[PDB]
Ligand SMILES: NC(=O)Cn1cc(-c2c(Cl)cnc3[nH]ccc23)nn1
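Just the one chain here, laid out as structure tokens, in the form deposited without the ligand.
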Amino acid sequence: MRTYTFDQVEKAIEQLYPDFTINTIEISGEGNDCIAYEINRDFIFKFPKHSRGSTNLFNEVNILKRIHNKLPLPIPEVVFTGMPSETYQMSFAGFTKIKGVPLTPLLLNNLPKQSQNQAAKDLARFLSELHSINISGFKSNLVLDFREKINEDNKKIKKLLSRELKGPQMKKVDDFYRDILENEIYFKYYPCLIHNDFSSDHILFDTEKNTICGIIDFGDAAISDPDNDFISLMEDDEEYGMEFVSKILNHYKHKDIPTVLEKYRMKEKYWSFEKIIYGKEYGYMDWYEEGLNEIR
């Protein structure tokens, strides 16, 4: 719920960093957890809007520190960290802004083929190293409980849609949740640290060298199913699509590609239900209506 002025942001930074001269400050973005501020064209500072976002920022900071210099592509470095508050575990953090432009599907597709192949290999090596790190170092509550997430989603969906969908439609919803919850494929995986939002918007590219030069936004990173980091790239409309992701999967030497595709299929279908939930939780009536239609 919380809001900040520029004056508050600067005062909080000065308290802990009194010889950091801020020359420029602007808002580069806002998500559900945090507002982001670009400082001196050099750093992204995130300030949480609520207790949960603060906790997520704290975890993101600790993740980044632990994997600093462990990975084969540049990633944001935590250069400034704030302090715990009355309800906020991390009042703010400041990260280097790595150089580069998003590797959009459009840009990738116009690359020389050799460059494209290399881009796949470089993504594969990065996911490989990321997924290899032992989870022993990380807060045990970073381990996502996907079963409970689905059950909680099932409940919210029933509350939002019970007293709406008729007999045949609600049967499809119940059928769909049941088939998910009985398929141990979605739950029975070896968890590892994953980026958790591994999409073309977060893969930076150097147009001079034609090579991927950073991975950014670890804001959702957690311990979860390594397959999730391939599935978030597979969608043809807005991501890289099946053909390219298969090159990445092969360079990473995945042993069970069919299970990757099964999880992708369930996720594409699942999105319809996430648009009802978030559509309702955030007031996006286009999502709610679209999800509603796709369900029926």
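Definition used throughout: the rigid core is the maximal C-alpha set that superposes within 1.5 Å between two forms. So that there is no doubt, residue numbering starts at 1 and follows the sequence shown.
FYI, the form deposited with the ligand bound isn't displayed, but the following is about it.
Remark: open binding site. Placing the ligand in the entry with it bound onto this structure by local C-alpha superposition gives no atom within 2.4 Å of a backbone or C-beta atom. The contact with the ligand in the entry with it bound, taken as any heavy atom within 4.5 Å, belongs to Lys97 out of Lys97, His131, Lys158, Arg125. For the options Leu111, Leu204, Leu144, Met170, the residue carrying a heavy atom within 4.5 angstroms of the ligand in the entry with it bound is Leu204. A residue is said to contact a partner when one of its heavy atoms sits within 4.5 Å of a partner heavy atom; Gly82 fails this definition for the ligand in the entry with it bound, lying far away. In the entry with it bound, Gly31 approaches the ligand with a heavy atom inside 4.5 Å. Although the partner is absent here, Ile216 is a contact residue: one of its heavy atoms lies within 4.5 angstroms of the ligand in the entry with it bound. Under a 4.5 angstroms non-hydrogen atom cutoff, the ligand in the entry with it bound lacks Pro226 among its neighbouring residues. For the ligand in the entry with it bound, the listed stretch (115 to 123, 83 to 91, 97 to 105, 134 to 142) containing residues with heavy atoms inside 4.5 Å is 97 to 105. The only C-alpha among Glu268, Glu30, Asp236, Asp256 that moves by 2 Å or more between the shown form and the other one, given a superposition on the rigid core, is that of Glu30. Superposition of the core reveals a Cα shift of 2 Å or more for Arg52 between the shown form and the other one. Taking the rigid core as fixed, one finds a CA shift for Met83 of 2 Å or more between the shown form and the other one. In the core-superposed comparison between the shown form and the other one, the C-alpha atom of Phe198 has shifted by less than 2 angstroms.
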